[PDB]
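Below: one structure, written as structure tokens.
Values quoted throughout were computed directly from the atomic coordinates according to the rules given, and no laboratory measurement underlies them. Positions of Cβ are backbone-derived with ideal geometry, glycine not excepted, and every protein chain shown enters the neighbour counts.
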Amino acid sequence: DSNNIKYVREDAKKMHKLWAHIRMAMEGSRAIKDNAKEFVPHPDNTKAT
Amino acid sequence: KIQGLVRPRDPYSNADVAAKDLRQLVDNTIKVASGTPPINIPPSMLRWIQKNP
């Protein structure tokens with residue numbers, strides 16, 4: 001938590017997730033409906049099994 | 001390609017002459033037909049936690 005303690009925090013590896021989310025949002029309904037799971041969690045995992 | 005094109009000859013006595021003839025070889029190119037078995041297009045049922053397009 002102490003930011004004075006060493007930490008490395010600059011590389012695109014940090015940002016690929018949100019960059020990809022932006023890209024599929026720009027793509028339209030095809031990508032979003034296609035990759036539904038990370039946006040819409042299952043109503044119940046017990047049913048999902 | 002003619003086999004006996006060049007022959008020994010005897011000008012002193014040619015005697016008889018061996019007959020010759022020319023032929024025509026035939027090459028080939030065979031046609032094969034490939035394909036694909038009928039592929040089912042399934043509904044996206046790998047959706048426990050994994051995604052399915």
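Mind sorting A:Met24, B:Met45 by how few other Cβ atoms lie within 10 Å of their own Cβ, fewest first?
Fewest-to-most Cβ neighbours within 10 Å comes out as B:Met45, A:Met24.
For chain A, which trypsin sites (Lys or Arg not before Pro) pass both filters: DSSP loop (anything but H, G, I, E, B) and at most 11 other C-beta atoms within 10 Å?
Of the trypsin sites (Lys or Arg not before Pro), the ones in loops of chain A whose Cβ has at most 11 other Cβ atoms within 10 Å are A:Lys6, A:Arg9.
How big is Rg to Rh over chain B, alpha-carbon atoms, Rh as the Kirkwood inverse-mean-distance radius?
A ratio of 1.77.
Please report the projected area of the protein assembly as shown's Cα convex hull averaged over all directions, in nm².
Projected area, direction-averaged: 22.6 nm².
Over the Cα atoms, compute the radius of gyration (one decimal) and Dmax (the largest Cα-Cα distance, rounded to a whole number) for chain A, in Å.
For chain A, the Cα radius of gyration and maximum Cα-Cα distance read 16.7, 47 Å.
May I ask you to list the chymotrypsin sites (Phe, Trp or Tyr not before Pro) in chain A that are in a DSSP loop and have at most 16 other Cβ atoms within 10 Å of their Cβ?
A:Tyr7
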